[PDB]
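Take a look at the structure below.
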Amino acid sequence: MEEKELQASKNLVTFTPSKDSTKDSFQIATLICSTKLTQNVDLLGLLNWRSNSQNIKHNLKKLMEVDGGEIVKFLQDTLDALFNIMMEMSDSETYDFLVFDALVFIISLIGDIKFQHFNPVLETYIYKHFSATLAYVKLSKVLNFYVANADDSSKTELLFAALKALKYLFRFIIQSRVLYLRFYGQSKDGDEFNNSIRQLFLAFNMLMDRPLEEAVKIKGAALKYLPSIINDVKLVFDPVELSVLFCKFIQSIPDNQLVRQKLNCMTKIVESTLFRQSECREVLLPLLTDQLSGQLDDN
């Protein structure tokens with residue numbers, strides 16, 4: 001009623017409530033430990049952005065600060081909402097940035113214990129209900145933009161969080177890619193796609209060449225999470241080229257920094273995709289020897 005008076009204040013349209021709104025009051029606490037009920041303005045705006053084609057900018061801003069418990073109720077539905085949004089409002093690639101940020105928030109949120117069991121749901125989504133075709137193009141686009149623009153402090157933590165999410169980000173990239181491929185039968189531009197891969201990775205290399213102080217944390221985070229993607233790369237790429245990429249990446253490191261970090265990195269590599277051995281073992285190997293032999297005797 002008070003907010004009615006507020007709208008009645010601006011809209012004096014026969015707004016004279018009866019006094020039977022008397023002095024007496026009551027107080028009630030409402031808790032809802034449900035499984036589908038949801039209380040969030042931003043979330044519902046996401047659910048009728050089709051009728052809120054304006055505040056999508058606004059919502060996007062407000063999304064990353066929404067409670068994850070509310071969100072995980074309809075994570076997949078919101079994923080689809082987002083995907084439709086970015087298919088449709090593909091015009092504002094700035095909105096695509098906001099999308100990128102929000103979805104990073106999503107998956108990072110998922111990384112917490114509270115939500116871990118929902119990981120299958122995500123892939124239950126991914127392989128079964130993901131329905132975006134050129135999304136991966138925009139994804140690689142935004143990502144390479146970001147890695148290029150690493151000099152920003154305000155994008156620095158964003159890059160960090162992205163590094164925290166590489167597996168799933170990459171997997172959605174793959175899914176949009178291959179979705180495009182099949183729904184077009186084949187890939188009229190797979191070349192530039194693998195390029196995008198290469199220049200993205202090159203941007204990583206020049207990060208390694210950048211001052212560590214910017215992202216020492218984040219450069220370690222890189223060497224941590226980068227090898228995660230490689231096994232999905234296998235599905236969509238030449239392992240040999242991937243291999244030489246990661247090699248040159250290793251040289252991209254100045255030789256007195258985060259030793260054990262890079263060690264654990266190459267551990268994560270030899271872990272997997274070394275299995276497709278003969279075309280990758282021989283070429284990854286030498287570098288590993290060179291560094292361990294440096295690691296052998298240095299005092």
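Ligands are numbered from 1 in the order shown, chains are lettered A, B, ... in the order of the structure tokens, and residues start at 1 in each chain.
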- Task: Write out as JSON, numbers by chain the residues lying within 12 Å of residue 158 (chain A), counting only C-alpha atoms and excluding same-chain residues fewer than 3 positions away.
- Result: {"A": [64, 97, 98, 100, 101, 102, 103, 104, 105, 108, 142, 143, 145, 146, 147, 149, 150, 151, 152, 153, 154, 155, 161, 162, 163, 164, 165, 215, 218]}
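Proximity of A:114, A:21, A:296, A:134 to residue 2 (chain A), computed with only C-alpha atoms, is greatest for A:21.
One distance worth recording is that between CA of residue 86 (chain A) and CA of residue 182 (chain A), which is 20.3 Å.
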- Message: Which residues are close to region 78-84 of chain A, i.e. within 7 Å by only C-alpha atoms, leaving aside same-chain residues fewer than 3 positions away? Reply as number ranges by chain.
- Response: A: 46-47, 74-75, 87-88, 132
Picked from region 113-287 of chain A by DSSP as helix (DSSP H, G or I), as a tab-separated table (two decimals) with C-alpha atoms, in the first residue's frame:
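After the write, states_5.tsv holds the following:
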```tsv
chain	number	residue	atom	x	y	z
A	113	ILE	CA	31.56	-27.49	-3.38
A	114	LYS	CA	27.97	-26.33	-2.86
A	115	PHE	CA	27.30	-26.92	-6.54
A	116	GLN	CA	29.72	-29.64	-7.61
A	117	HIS	CA	27.11	-32.37	-8.02
A	118	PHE	CA	25.44	-30.19	-10.65
A	119	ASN	CA	28.41	-30.59	-12.99
A	120	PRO	CA	26.70	-33.48	-14.85
A	121	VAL	CA	23.63	-31.29	-15.30
A	122	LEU	CA	25.81	-28.82	-17.17
A	123	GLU	CA	27.03	-31.47	-19.56
A	124	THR	CA	23.55	-32.93	-19.40
A	125	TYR	CA	22.79	-29.56	-20.89
A	126	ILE	CA	25.83	-29.33	-23.13
A	127	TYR	CA	25.69	-32.43	-25.26
A	128	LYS	CA	21.91	-32.59	-25.19
A	129	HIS	CA	20.45	-29.10	-25.22
A	135	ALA	CA	28.55	-18.58	-30.28
A	136	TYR	CA	32.03	-20.11	-30.18
A	137	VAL	CA	33.15	-17.53	-32.72
A	138	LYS	CA	32.08	-14.72	-30.42
A	139	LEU	CA	33.56	-16.59	-27.48
A	140	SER	CA	37.02	-16.94	-28.96
A	141	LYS	CA	36.61	-13.35	-30.12
A	142	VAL	CA	35.92	-11.99	-26.65
A	143	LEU	CA	38.55	-14.21	-25.10
A	144	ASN	CA	41.29	-13.11	-27.44
A	145	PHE	CA	40.20	-9.53	-26.92
A	146	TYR	CA	40.58	-10.08	-23.21
A	147	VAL	CA	43.96	-11.80	-23.28
A	148	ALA	CA	45.16	-9.04	-25.59
A	153	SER	CA	43.81	-4.11	-13.84
A	154	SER	CA	40.02	-4.16	-14.12
A	155	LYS	CA	40.24	-6.86	-16.77
A	156	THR	CA	43.04	-8.61	-14.90
A	157	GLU	CA	40.85	-10.39	-12.36
A	158	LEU	CA	38.40	-11.05	-15.17
A	159	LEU	CA	41.12	-12.88	-17.06
A	160	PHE	CA	41.95	-14.65	-13.82
A	161	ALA	CA	38.40	-15.88	-13.36
A	162	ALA	CA	38.34	-16.94	-17.00
A	163	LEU	CA	41.48	-18.96	-16.40
A	166	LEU	CA	38.90	-22.87	-19.03
A	167	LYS	CA	37.51	-26.40	-19.25
A	168	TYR	CA	33.85	-25.48	-19.49
A	169	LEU	CA	34.38	-22.30	-21.47
A	170	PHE	CA	36.34	-24.34	-23.95
A	171	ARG	CA	33.76	-27.10	-24.01
A	172	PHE	CA	30.98	-24.68	-24.87
A	173	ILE	CA	33.24	-23.19	-27.51
A	174	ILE	CA	33.70	-26.67	-28.93
A	175	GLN	CA	30.01	-27.37	-28.82
A	176	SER	CA	29.03	-24.21	-30.68
A	177	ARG	CA	31.81	-24.94	-33.15
A	178	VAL	CA	30.74	-28.50	-33.90
A	179	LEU	CA	27.08	-27.47	-33.82
A	180	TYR	CA	27.80	-25.00	-36.59
A	181	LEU	CA	29.74	-27.70	-38.37
A	182	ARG	CA	27.01	-30.34	-38.37
A	183	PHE	CA	24.11	-27.96	-38.96
A	190	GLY	CA	37.52	-24.16	-39.87
A	191	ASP	CA	40.83	-22.68	-41.00
A	192	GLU	CA	40.29	-19.27	-39.40
A	193	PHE	CA	38.93	-21.13	-36.39
A	194	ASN	CA	42.17	-23.00	-35.85
A	195	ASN	CA	43.81	-19.66	-36.51
A	196	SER	CA	41.82	-18.04	-33.71
A	197	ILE	CA	43.20	-20.87	-31.62
A	198	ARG	CA	46.71	-20.02	-32.71
A	199	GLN	CA	46.51	-16.28	-32.14
A	200	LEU	CA	44.80	-16.79	-28.80
A	201	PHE	CA	47.63	-19.07	-27.79
A	202	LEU	CA	50.13	-16.56	-29.13
A	203	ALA	CA	48.55	-13.91	-26.96
A	204	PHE	CA	49.17	-16.27	-24.08
A	205	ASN	CA	52.77	-16.52	-25.21
A	206	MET	CA	53.22	-12.76	-25.19
A	207	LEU	CA	51.62	-12.70	-21.76
A	208	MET	CA	54.41	-15.03	-20.72
A	209	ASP	CA	56.68	-12.46	-22.35
A	212	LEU	CA	55.14	-11.19	-14.40
A	213	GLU	CA	54.27	-8.53	-11.81
A	214	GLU	CA	51.07	-7.74	-13.68
A	215	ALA	CA	49.75	-11.27	-13.40
A	216	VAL	CA	52.25	-13.37	-11.43
A	217	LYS	CA	49.24	-14.86	-9.72
A	218	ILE	CA	47.45	-14.97	-13.05
A	219	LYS	CA	50.42	-16.28	-15.02
A	220	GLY	CA	50.66	-19.13	-12.54
A	221	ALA	CA	46.92	-19.59	-12.95
A	222	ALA	CA	47.55	-19.83	-16.67
A	223	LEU	CA	50.19	-22.52	-16.45
A	224	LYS	CA	47.76	-24.25	-14.11
A	225	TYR	CA	44.55	-24.26	-16.10
A	226	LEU	CA	45.74	-24.10	-19.71
A	227	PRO	CA	46.58	-27.82	-20.06
A	228	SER	CA	43.02	-28.60	-19.04
A	229	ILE	CA	41.64	-27.73	-22.48
A	230	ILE	CA	44.04	-29.89	-24.44
A	231	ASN	CA	42.00	-33.06	-24.24
A	232	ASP	CA	38.99	-31.36	-25.79
A	233	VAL	CA	41.32	-29.73	-28.30
A	234	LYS	CA	42.07	-33.30	-29.34
A	235	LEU	CA	38.50	-33.64	-30.56
A	236	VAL	CA	38.74	-30.67	-32.88
A	239	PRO	CA	47.55	-32.70	-31.82
A	240	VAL	CA	50.89	-31.96	-33.45
A	241	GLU	CA	50.18	-28.28	-33.96
A	242	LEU	CA	48.77	-28.09	-30.45
A	243	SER	CA	51.98	-29.72	-29.28
A	244	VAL	CA	54.34	-27.27	-30.93
A	245	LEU	CA	52.12	-24.47	-29.66
A	246	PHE	CA	52.47	-25.55	-26.07
A	247	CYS	CA	56.17	-26.08	-26.60
A	248	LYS	CA	56.87	-22.56	-27.82
A	249	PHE	CA	54.65	-21.47	-24.98
A	250	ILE	CA	57.11	-23.10	-22.64
A	251	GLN	CA	60.00	-21.20	-24.16
A	259	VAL	CA	59.79	-23.14	-11.50
A	260	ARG	CA	57.64	-25.63	-9.60
A	261	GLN	CA	54.58	-24.03	-11.17
A	262	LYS	CA	55.75	-24.78	-14.69
A	263	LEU	CA	56.75	-28.22	-13.49
A	264	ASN	CA	53.23	-29.00	-12.36
A	265	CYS	CA	52.04	-27.55	-15.65
A	266	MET	CA	54.03	-29.99	-17.75
A	267	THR	CA	52.83	-32.64	-15.34
A	268	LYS	CA	49.26	-31.84	-16.29
A	269	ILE	CA	50.29	-32.08	-19.90
A	270	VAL	CA	52.10	-35.41	-19.84
A	271	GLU	CA	49.05	-36.48	-17.86
A	281	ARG	CA	55.48	-37.66	-27.61
A	282	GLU	CA	58.48	-37.08	-29.84
A	283	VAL	CA	57.94	-33.33	-30.04
A	284	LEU	CA	56.87	-32.55	-26.50
A	285	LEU	CA	59.67	-34.73	-25.10
A	286	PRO	CA	62.76	-32.71	-26.08
A	287	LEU	CA	61.63	-29.54	-24.35
```
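Contact shell of region 51-58 of chain A at 10 Å (only C-alpha atoms; same-chain neighbours under 6 positions omitted): residues 42, 44, 45, 85, 89, 92, 94, 95, 98 and 99 of chain A.
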